[PDB]
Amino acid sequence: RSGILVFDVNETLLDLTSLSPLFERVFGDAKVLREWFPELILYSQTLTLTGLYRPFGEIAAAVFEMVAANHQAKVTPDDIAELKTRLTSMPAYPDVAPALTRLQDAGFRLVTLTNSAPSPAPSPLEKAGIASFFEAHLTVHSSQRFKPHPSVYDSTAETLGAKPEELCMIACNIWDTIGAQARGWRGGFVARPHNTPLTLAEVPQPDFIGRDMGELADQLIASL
């Protein structure tokens, strides 16, 4: 094929639940990860909507502090540092490398697209040892705007010299697939833990759904 598969990185390829211990400690509750994370995404989109841009990781820390205050929990620079560490070192889901291998075998081109800013080597994907599967690693930094702003997807298409019809966005977040599908890409949804698809009228559903990355890869291959 000459189909290009564009993968969200955080949570989709890399395990966000790896952050639990940091929450269980600071909050007495690991479940607070699932309050901090939507608050982080919310503020990334708020900045984009209002014409402002800070790097994703700076927002992550700010929102961590805010959530801390909301639960009346203490936070030291050491905590922020640990957040930085865990966030930039999430391990890859074990179902990932097998699935990427099969897609690479069936002819797909593989690329990443993330809200996180470029970092010095090694990147989170390099640390997880799945970086080399991909021909390119794109970020919202060149766009100065977070997903699902249309310009993130449009400039990606531009960079890869592809037509929306050649592209499929892969994510465990329906908000990320919606952003791509509104630009005419296909959407592929992978059901990570604590991630099911939102279903709302007039909102396009994923072209492909998989309960894990292997099952999604099958569907993508099956589509001949």
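We number the residues from 1 along the sequence you see.
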| remark: Going by the entry, of stretches 74 to 82 and 142 to 150 the one with greater average Cα B-factor is 74 to 82
| note | Once average C-alpha B-factors are taken from the entry for 39 to 47 and 64 to 72, the winner is 64 to 72
| message | In terms of recorded Cα temperature factor, pick the maximum from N195, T199, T156, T177. | response | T199
| task | Compare the CA B factors listed in the entry for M90, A121, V111, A131 and report the winner. | result | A121
| note | Of the three thirds of the chain ranked by Cα temperature factor, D212 occupies the middle
| message | Please say which third, lowest, middle or highest, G28 falls into when its CA temperature factor is compared across its chain. | response | highest
| query | Thinking about Cα B factors across the chain, which third does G188 belong to? | reply | lowest
| message | Please say which third, lowest, middle or highest, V203 falls into when its CA temperature factor is compared across its chain. | response | highest
| note | Chain-relative C-alpha B factor for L5 (record values, thirds): the lowest
